[PDB]
Amino acid sequence: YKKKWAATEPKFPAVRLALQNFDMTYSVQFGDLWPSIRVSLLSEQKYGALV
Amino acid sequence: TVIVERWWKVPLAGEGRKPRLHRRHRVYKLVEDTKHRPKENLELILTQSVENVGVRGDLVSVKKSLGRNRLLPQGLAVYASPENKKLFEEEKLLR
Amino acid sequence: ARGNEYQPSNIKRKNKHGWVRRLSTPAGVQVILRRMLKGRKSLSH
Amino acid sequence: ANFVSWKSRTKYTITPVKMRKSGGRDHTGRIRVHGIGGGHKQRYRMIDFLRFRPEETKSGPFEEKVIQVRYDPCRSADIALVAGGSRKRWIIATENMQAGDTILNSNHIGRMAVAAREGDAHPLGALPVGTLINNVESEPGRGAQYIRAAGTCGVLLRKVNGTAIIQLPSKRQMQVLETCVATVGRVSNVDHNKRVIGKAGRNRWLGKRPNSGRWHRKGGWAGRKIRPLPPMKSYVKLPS
Amino acid sequence: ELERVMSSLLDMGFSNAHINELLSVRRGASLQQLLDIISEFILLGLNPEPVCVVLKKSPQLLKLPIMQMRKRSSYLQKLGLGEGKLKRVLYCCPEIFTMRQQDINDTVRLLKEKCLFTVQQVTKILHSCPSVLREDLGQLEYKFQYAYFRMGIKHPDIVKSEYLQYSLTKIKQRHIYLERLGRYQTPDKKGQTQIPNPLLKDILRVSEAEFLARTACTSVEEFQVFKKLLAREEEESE
RNA sequence: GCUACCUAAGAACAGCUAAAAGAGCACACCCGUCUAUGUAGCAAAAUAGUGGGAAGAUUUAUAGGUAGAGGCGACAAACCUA
RNA sequence: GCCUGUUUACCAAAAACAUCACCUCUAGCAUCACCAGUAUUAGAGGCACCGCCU
RNA sequence: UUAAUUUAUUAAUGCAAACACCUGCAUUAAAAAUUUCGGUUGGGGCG
Ligand SMILES: [Mg+2]
Ligand SMILES: [Mg+2]
Ligand SMILES: [Mg+2]
Ligand SMILES: [Mg+2]
Ligand SMILES: [Mg+2]
Ligand SMILES: [Mg+2]
Ligand SMILES: [Mg+2]
Ligand SMILES: [Mg+2]
Ligand SMILES: [Mg+2]
Ligand SMILES: [Mg+2]
C-alpha cells in the first residue's frame, strides 16, 4: 500500500455529497423550482396524521 | 491567612519521632482563606469623647479598622483588657 | 579547516577560568571545592 | 552583563557627548530590539527641550540669538545652538530658523493672543487657536516630548478654561493645561520624508541592520487567528 | 458664579438663546457643574447647538460626576470618538457617558482581540452604530463569527455594510433562507464559490419586499413559513 | 580563545581607469565557482589551477557581552570548541 | 532574480536570504534596550528597484 | 494543530482584602507545559 499521496479528496460528509449530487442534477431537472424544492428539503418535514 | 490541608493523609509518626513526608504530602487544598471571613468587631474602652460611639469608659464594639487606625493610635480608646475594665470600674464608682 | 579552536590568550584564560572568577560566584566556589576534594594540583586555570 | 548606560552625564553641556551604541541589547546583554547595530560613530548633543528655562538668578521672558543651525545625527530634526545672556544651549530648530535670528521664550499668558512668530515659545494659552506648534509638553514644566520629529506640526485646536486641545501629528487629540509651553511653527528638515536611502549600505550606516528571528517565541512570528466558536467549527475551512 | 458662567457661555460659541435653554434645563444642577460639563463636551469637539440638543434629550448627563465625565471623555478621545464623530453617537445612544468603563473596554477588547478589527475599523463601528456597546458580549462574538465563518464575510465588508448593526435573528432569517435556497454559498477554503454571492447590502439593508423579489426570488408566504420554522429550530437548539 | 551576532577602541586596502561611487580592471587581503589531485590524505575538508569581491552591507587584531528550550541567526534547522 | 551583498564552516552559492522602494498593522510616550528618541518617530509583518496600463 | 489534560506563570477583567500598591479566589486569553500516535487488511487509492 502507498501511504503518501500527492493529493487527497476533500473528504466531504455524506450529507454534503448528497446535496452536491442533488444540486448538479435536480437543478437541471427543475430549473427555477429547484431552489424552492431545495429549501423545502432542507427545512423541517410536514407530517400527516393517519388515524 | 491561607489555611491548607493535605490531600494525602500522613502516616502516624509515633510519640517522639517526627513524621516522614514524601512528594505526595506536599499537595494541598485550600480549606479557607481567613481574609474572606466576615468582619468581626473590636471591644474597646473609650478615654475621650468621640462622635457617634461614646464618651468615656463605655465598652464599645468598633470596626477593627477604626479601632486600630484612629481610636487606639490617637489614644482616644484603650484595649478592653480586664485591667482596663477594672480601672475604669473604679473610676466610675469614684464618681 | 577545524581543530585549531584554541587561540591562546592569557587575558582570556585568566578572565574566564581564573581564581578570581571562580571565587566570584558560589557555583565557581563549588568548582574549586570539588577540585580540592579530588586533590587536583591545579585548582584553577 | 557588565552593562552600564552611557547616559551618566549629570550636568548639561554643549559639547557633543560620546555615546555608546547598544546593538539593541539590554543591560542583560541579550537582544531586546532587533535590527540595531553598527552604523557611523555618533556624538550626542544634549538638547534642552524646556524652551522656557530662565537662566540662573534670572526670570521672566527672555530672548536668544540663533548662533547656528546644525545637523543632528541623533534626530530627524535639525538642531540650533542658541545663546542667551551668558549661556548656550541646543534646541530643536524650526522650519525657517536661520543663524542670527532672535527667538523669544516667555511664560506670560497675555489676555490677548500674542502674535505667533515662528520659533518662539509661549504657553499654549497665549497662542491663537489653530496655530501650528511643536515641542509640546504634557505637563507644565515637564519639557517637550511631542511633535519633535522633522517637519512635524501639531495644531492648537481649542482653548477652554485652563485646558487646550492639541492635534498631534498622528491626528489624535491631546488635553494639556494652557500653562504648558510650546514653540510655534513646524519642526525643521521638513523634507525628511522625501529622502531616499538608495542602497542597503546607507541604512547600515544609519545603524539599521538586517536581523531575523525577531520574535523568539516558539514558531516565530504568528499572526493572530480568530478562534471559531463551537457552532462555527463546522464551517471554519470548508473543503472545495 | 452666574456672572462667570454667563461670560464663559457667551464665549465657547454658545448664544444667549441656547444658554437660557440650558439654564432652564438645569435640574438643580450647580452652575459650576453645568459649565464643567459643557466645557468637557466642547473639549470633545462638539458644537454648541448639538451640546444643547444632547443636554435637552438626556439631562442626566449634567448629573455625572466631573471626574467620571473627564475620564470617559479622555477614553472616548483615545478611542477616536471626537469632533463630529461623537454627534451621531450621542444621538443614537446618548448613554455611552453613563455606561461602565469596563463595559466599553470589554466591548472594544472583544472587537480587537477576539474579532481582529483594526483600530480604525473599531472607531468606524462605534461611530456608525453605537448599539454594539449595548449588545452584550458573546452575542456580539456570535454575530461576528456568523459573518466571518458561516457567511464568509471579511472585516472590511462587515464594517462597510454595518453588519453588526442588524439583529442576529434577522441576519439568520435572511442568510439561512438564501443558503437553503442555494442562492448563497459559504466560500470554500480557497475563498471561492461556484456562483458569486449576493451582496450584504442586497441581503440585509434592503426591505423584505426587494429581498424576496431580487435576491431570493421567492414568495412572501414562503418566507414567513421559513421564518417560523427557523424560530422553532432555534428554540429546539437552545 | 571556534563560530553567530553585538559593544569599545584600533588597523589594512598596490597600480591603472575613473571622479567623491555598496564604480570598472586588478595586487595584498577575504572568499570558495569549476576542474583535477588527495580520500588513514600535507589536511578529521587540504593542494594546484581556475574563479568571485577587493573604499565597503569590506577584511581584520585586541578586550568585553549574549548560554542550552536558552543564545545568536541577511532562515541554511545556520552556528554556539572538529 | 532588479542591482552590490548573505547562506547550508565539511557534498547545494542558487531562482533561497537580505536589499533600497512600497503597502499593512501596533504605539501619544521619558531616566538600563527601544531612547537620553517622540507619528517625517518607533516596533512588527508582507512585498519587491523602477516605470506603464486595468 | 479545531489530538487529550492543565493554567502553575504572566495579561486582563470581576469578587472579596487592605484604604497607587498588594494578597486570596474566580473567568477569559496569551504563552506555554506534559503526553499519545490501537490492530487486521488495501501497490495505481480517496477505504
Ligand atoms: Mg580569533
Ligand atoms: Mg586602491
Ligand atoms: Mg567596487
Ligand atoms: Mg550573517
Ligand atoms: Mg527554508
Ligand atoms: Mg529544510
Ligand atoms: Mg541576485
Ligand atoms: Mg557546504
Ligand atoms: Mg561562508
Ligand atoms: Mg560549494
Side-chain angles (χ1 to χ4, degrees), chain A residues 1-2 5 7-11, chain B residues 1-2 30 33-36 39 65 69, chain C residues 1-9 11-13 15-16, chain D residues 1-7 9 17 19-38 41 44 46-47 74-77 135-136 138 142-153 168-174 186-187 189-205 209-218 220-221 223-224 227-228 230 233 236-237, chain E residues 78 102 105-106 109 113-114 118-120:
Chain A
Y1 178 66
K2 187 167 167 288
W5 296 95
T8 303
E9 292 284 353
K11 297 261 179 179
Chain B
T1 72
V2 167
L30 186 145
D33 195 356
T34 300
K35 71 167 57 72
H36 303 316
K39 293 185 176 70
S65 56
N69 290 329
Chain C
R2 307 302 308 277
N4 61 341
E5 286 90 37
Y6 184 54
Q7 300 299 311
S9 60
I11 298 178
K12 287 188 181 294
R13 199 172 50 80
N15 290 1
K16 293 182 183 292
Chain D
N2 56 4
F3 175 92
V4 60
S5 180
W6 72 272
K7 313 167 186 183
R9 178 171 298 264
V17 186
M19 51 178 300
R20 285 193 263 100
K21 297 169 178 301
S22 65
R25 268 82 167 155
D26 284 315
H27 60 277
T28 62
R30 301 195 173 189
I31 289 175
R32 180 94 164 271
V33 184
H34 292 79
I36 300 171
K41 182 174 168 176
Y44 177 68
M46 317 184 98
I47 307 303
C74 299
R75 286 168 182 74
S76 44
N135 300 137
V136 172
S138 170
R142 185 166 179 83
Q145 288 188 270
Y146 309 80
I147 319 171
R148 275 164 43 163
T152 56
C153 57
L168 293 163
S170 72
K171 287 163 172 48
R172 185 179 181 275
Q173 277 74 25
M174 186 186 188
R186 71 190 301 170
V187 180
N189 202 21
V190 67
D191 283 337
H192 203 247
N193 285 129
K194 302 181 188 295
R195 189 264 304 276
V196 178
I197 302 298
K199 59 170 182 162
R202 185 162 282 98
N203 263 348
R204 302 296 316 267
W205 305 339
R209 83 187 206 270
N211 190 359
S212 280
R214 295 187 182 237
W215 276 103
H216 286 251
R217 57 174 304 277
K218 193 179 67 175
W221 161 248
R224 287 178 171 182
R227 321 198 318 184
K233 296 219 174 190
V236 180
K237 292 279 202 171
Chain E
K78 183 180 286 186
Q102 310 308 331
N105 183 220
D106 63 41
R109 207 186 321 107
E113 276 75 1
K114 305 194 189 72
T118 69
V119 165
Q120 183 62 255

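Only heavy atoms go into these numbers, but all of them, side chains included; no hydrogens, no water, no symmetry mates. Letters A, B, ... are given to chains in the order of the sequence lines, protein chains preceding strands, and every chain is numbered from 1.
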- Note on the structure: Heavy-atom contacts, protein to nucleotides 44-51 of chain G, under 4.0 Å, summarised as B (base), S (sugar-phosphate only) or - (none) per nt, yield SS------
Between [N] and [M], is there Watson-Crick or G-U wobble pairing, both distances under 3.5 Å?
N      : M      : result
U60(F) : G10(F) : yes
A16(H) : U23(H) : yes
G15(F) : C25(F) : yes
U62(F) : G38(F) : no
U37(F) : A61(F) : no
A42(G) : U26(G) : yes
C25(G) : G43(G) : yes

- Query: Angle class for the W215(D)/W221(D) ring planes (parallel below 30°, perpendicular above 60°, tilted otherwise)?
  - Reply: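 Ring orientation, 0 to 90° scale: tilted.
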Can a side chain N or O of [X] be found less than 4.0 Å away from OP1 or OP2 on [N]?
X       : N      : value
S22(D)  : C34(G) : yes
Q145(D) : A30(G) : yes
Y44(D)  : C35(G) : no
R30(D)  : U66(F) : no

Base partner of [N], which must satisfy Watson-Crick or wobble distances under 3.5 Å:
N      : result
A26(H) : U13(H)
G68(F) : none
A76(F) : none
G38(H) : none
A20(F) : none
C32(G) : none
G1(F)  : none
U2(H)  : none

- Message: What contact category does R227(D) fall into here, base, sugar-phosphate, or nothing, at under 4.0 angstrom with non-hydrogen atoms?
- Response: sugar-phosphate
- Message: Students often get this wrong, so: under 4.0 angstrom with heavy atoms, is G37(D) touching a base, only sugar-phosphate, or nothing?
- Response: sugar-phosphate
- What pucker does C19(H) have, north or south, from the sign of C1'-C2'-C3'-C4'?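 Negative torsion, so south.
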Distance-only donor-acceptor test, [X] side-chain atoms vs [N] base atoms, 3.5 Å:
X       : N      : value
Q102(E) : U13(H) : no
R2(C)   : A82(F) : no
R25(D)  : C5(F)  : yes

- Query: Would you find a donor on one side and an acceptor on the other, under 3.5 Å apart, between the side chain of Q7(C) and the backbone of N4(C)?
  - Reply: yes
- Do side-chain atoms of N189(D) reach the backbone of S76(D) as a donor and acceptor pair under 3.5 angstrom? yes
- Which residue lies more 5' along RNA chain H, comparing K11(A) with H216(D) via nearest heavy atoms: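 It is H216(D), whose closest nucleotide lies nearer the 5' terminus.
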- Could you pick out which residue, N105(E) or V236(D), lies toward the 5' side of RNA chain H when each is mapped onto its nearest nucleotide? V236(D)
- is_stacked(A18(G), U19(G)) at 5.5 Å centroid, 30° plane limits: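 Both cut-offs are satisfied, so the bases of these neighbours are stacked.
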- Message: Is it the case that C10(G) stacks on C11(G) (six-membered ring centres closer than 5.5 Å, ring planes within an angle under 30°)?
- Response: no
- Query: Quick one: are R209(D) and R204(D) in side-chain contact, heavy atoms under 4.5 Å?
  - Reply: yes
- Query: Mapping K21(D) and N2(D) to their closest nucleotides on RNA chain F, which lands nearer the 5' end?
  - Reply: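 Closer to the 5' end of RNA chain F: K21(D).
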- Are more than 12 heavy atoms from other residues, nucleotides or ligands located less than 6.0 Å from atom NZ of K171(D)? no
